[PDB]
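> Hey, dropping data.csv in here, CSV, C-alpha atoms:
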chain,number,residue,atom,x,y,z
A,1,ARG,CA,30.7,37.7,-13.5
A,2,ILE,CA,30.2,35.2,-10.6
A,3,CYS,CA,26.7,33.8,-10.2
A,4,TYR,CA,24.7,31.0,-8.5
A,5,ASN,CA,23.8,27.9,-10.6
A,6,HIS,CA,21.9,25.6,-8.3
A,7,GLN,CA,18.2,24.9,-8.8
A,8,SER,CA,15.8,24.2,-5.9
A,9,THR,CA,16.8,21.8,-3.2
A,10,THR,CA,20.3,21.2,-4.5
A,11,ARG,CA,23.8,22.0,-3.0
A,12,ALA,CA,24.7,25.7,-3.4
A,13,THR,CA,26.8,25.9,-6.6
A,14,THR,CA,28.3,29.0,-8.3
A,15,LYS,CA,29.7,29.4,-11.8
A,16,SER,CA,31.4,32.3,-13.5
A,17,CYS,CA,29.8,33.8,-16.7
A,20,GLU,CA,30.8,36.6,-19.1
A,21,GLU,CA,27.3,38.3,-19.0
A,22,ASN,CA,26.6,41.4,-17.0
A,23,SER,CA,23.2,40.0,-15.9
A,24,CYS,CA,22.2,36.9,-14.0
A,25,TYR,CA,18.7,35.3,-13.3
A,26,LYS,CA,16.4,33.2,-11.2
A,27,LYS,CA,13.6,31.2,-13.1
A,28,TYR,CA,10.8,29.9,-10.8
A,29,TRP,CA,7.7,27.9,-11.2
A,30,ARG,CA,5.5,25.5,-9.1
A,31,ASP,CA,3.3,22.5,-9.8
A,32,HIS,CA,3.2,19.9,-7.0
A,33,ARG,CA,3.9,20.5,-3.2
A,34,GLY,CA,7.1,22.5,-3.9
A,35,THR,CA,8.5,25.2,-6.2
A,36,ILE,CA,11.1,24.5,-8.9
A,37,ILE,CA,13.6,27.4,-8.8
A,38,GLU,CA,16.5,27.4,-11.4
A,39,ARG,CA,19.2,30.0,-12.1
A,40,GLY,CA,21.9,31.0,-14.6
A,41,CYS,CA,23.8,33.9,-16.2
A,42,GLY,CA,22.4,36.5,-18.6
A,43,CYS,CA,18.7,37.7,-18.7
A,44,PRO,CA,16.7,35.8,-21.5
A,45,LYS,CA,12.9,36.0,-21.9
A,46,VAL,CA,10.9,33.0,-20.8
A,47,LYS,CA,7.4,31.7,-21.7
A,48,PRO,CA,4.2,32.3,-19.7
A,49,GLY,CA,3.6,30.5,-16.4
A,50,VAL,CA,7.3,30.0,-15.8
A,51,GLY,CA,8.3,33.1,-13.7
A,52,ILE,CA,11.6,34.9,-13.8
A,53,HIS,CA,13.7,37.7,-12.3
A,54,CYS,CA,17.1,38.9,-13.5
A,55,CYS,CA,19.6,41.1,-11.6
A,56,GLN,CA,22.7,43.0,-12.3
A,57,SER,CA,25.3,42.2,-9.6
A,58,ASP,CA,27.6,39.2,-8.7
A,59,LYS,CA,25.9,36.4,-6.7
A,60,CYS,CA,22.6,38.3,-6.7
A,61,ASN,CA,20.8,35.4,-8.4
A,62,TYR,CA,20.5,33.1,-5.3
Rewrite the coordinates I just gave you, this time as C-alpha cells.

Amino acid sequence: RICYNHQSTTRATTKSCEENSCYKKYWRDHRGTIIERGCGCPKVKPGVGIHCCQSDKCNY
C-alpha cells in the first residue's frame, strides 16, 4: 500500500505500508487543527477524531 504520512502544516510525504487500510487522525486545541496520518486503521481515544480508508493515497 502507498499512503500519506505528513501531519498538519508539513511537507507532503508518503510512505509505503503493508496494511490494506490507512488513516487520518485529527484534533484541535489552539487556533489550528493538528491532523496526523498513517497506515492501518487502529482505534483512538475520545476527543481525538479519526477516519480510515481503504485505497492508496486516500489518507491525505
> Write out as a compact mmCIF listing (two decimals) with C-alpha atoms, in the coordinates of the input each polymer residue whose atoms come within 9 Å of residue 39 in chain A, counting all atoms listed in the file; drop sequence neighbours fewer than 3 positions from it.

# COMPACT_ATOMS: atom_id res chain seq x y z
CA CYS A 3 26.70 33.80 -10.20
CA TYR A 4 24.70 31.00 -8.50
CA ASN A 5 23.80 27.90 -10.60
CA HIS A 6 21.90 25.60 -8.30
CA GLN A 7 18.20 24.90 -8.80
CA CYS A 24 22.20 36.90 -14.00
CA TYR A 25 18.70 35.30 -13.30
CA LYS A 26 16.40 33.20 -11.20
CA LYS A 27 13.60 31.20 -13.10
CA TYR A 28 10.80 29.90 -10.80
CA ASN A 61 20.80 35.40 -8.40
CA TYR A 62 20.50 33.10 -5.30
> Which is closest to residue 55 in chain A among A:23, A:41, A:34, A:29, if we use all atoms listed in the file?
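That would be A:23, the residue with the smallest distance to residue 55 in chain A.
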> Figure out the distance between CA of residue 60 in chain A and CA of residue 36 in chain A, please, to one decimal in Å.
18.1 Å
> Record the distance separating CA of residue 13 in chain A and CA of residue 50 in chain A, expressed in Å with one decimal.
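Distance between the two atoms: 21.9 Å.
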> Can you tell me how far CA of residue 2 in chain A sits from CA of residue 35 in chain A, in Å to one decimal?
24.3 Å
> Taking the structure I provided as the source, export chain A with C-alpha atoms, as a short mmCIF file (atom, residue, chain, number, x, y, z; two decimals), in the first residue's frame.

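Heads up, here's the output in part.cif:
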data_model
loop_
_atom_site.label_atom_id
_atom_site.label_comp_id
_atom_site.auth_asym_id
_atom_site.auth_seq_id
_atom_site.Cartn_x
_atom_site.Cartn_y
_atom_site.Cartn_z
CA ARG A 1 0.00 0.00 0.00
CA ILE A 2 1.16 3.64 -0.65
CA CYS A 3 -0.10 6.27 1.86
CA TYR A 4 0.43 9.83 3.09
CA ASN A 5 2.47 10.35 6.29
CA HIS A 6 2.64 14.13 6.80
CA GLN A 7 0.86 15.76 9.69
CA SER A 8 -0.68 19.26 9.58
CA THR A 9 1.37 22.10 8.05
CA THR A 10 4.27 19.85 6.96
CA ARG A 11 5.70 18.98 3.52
CA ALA A 12 3.57 16.33 1.75
CA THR A 13 5.32 12.98 2.47
CA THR A 14 4.24 9.43 1.53
CA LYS A 15 5.37 6.06 2.87
CA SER A 16 4.55 2.54 1.83
CA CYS A 17 2.83 0.15 4.27
CA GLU A 20 1.70 -3.48 4.18
CA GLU A 21 -1.80 -2.80 5.62
CA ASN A 22 -4.86 -2.69 3.42
CA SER A 23 -6.16 0.36 5.34
CA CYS A 24 -4.77 3.86 6.01
CA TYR A 25 -5.98 6.74 8.23
CA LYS A 26 -6.21 10.44 9.17
CA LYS A 27 -6.23 11.33 12.92
CA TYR A 28 -7.41 14.90 13.64
CA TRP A 29 -7.87 17.11 16.71
CA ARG A 30 -7.78 20.84 17.56
CA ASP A 31 -6.90 22.93 20.60
CA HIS A 32 -5.44 26.33 19.75
CA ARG A 33 -6.00 28.45 16.59
CA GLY A 34 -5.32 25.47 14.30
CA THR A 35 -6.11 21.76 13.88
CA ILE A 36 -3.47 19.03 14.29
CA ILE A 37 -4.03 16.41 11.57
CA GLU A 38 -1.78 13.28 11.57
CA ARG A 39 -1.86 10.20 9.33
CA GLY A 40 -0.52 6.69 8.92
CA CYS A 41 -1.16 3.14 7.71
CA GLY A 42 -3.68 0.64 9.14
CA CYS A 43 -6.92 1.55 11.00
CA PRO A 44 -6.40 1.47 14.82
CA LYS A 45 -8.93 2.77 17.38
CA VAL A 46 -8.17 6.03 19.13
CA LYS A 47 -9.34 7.58 22.40
CA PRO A 48 -12.14 10.19 22.74
CA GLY A 49 -11.74 13.82 21.63
CA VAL A 50 -9.04 12.80 19.15
CA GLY A 51 -11.01 12.27 15.92
CA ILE A 52 -10.16 9.77 13.18
CA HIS A 53 -11.14 8.44 9.77
CA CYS A 54 -9.67 5.40 7.96
CA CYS A 55 -9.96 4.49 4.29
CA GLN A 56 -9.27 1.57 2.04
CA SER A 57 -7.37 2.84 -1.05
CA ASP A 58 -3.82 4.06 -1.86
CA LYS A 59 -3.11 7.73 -1.09
CA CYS A 60 -6.69 8.16 0.24
CA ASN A 61 -5.42 9.33 3.64
CA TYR A 62 -4.34 12.90 2.69
#
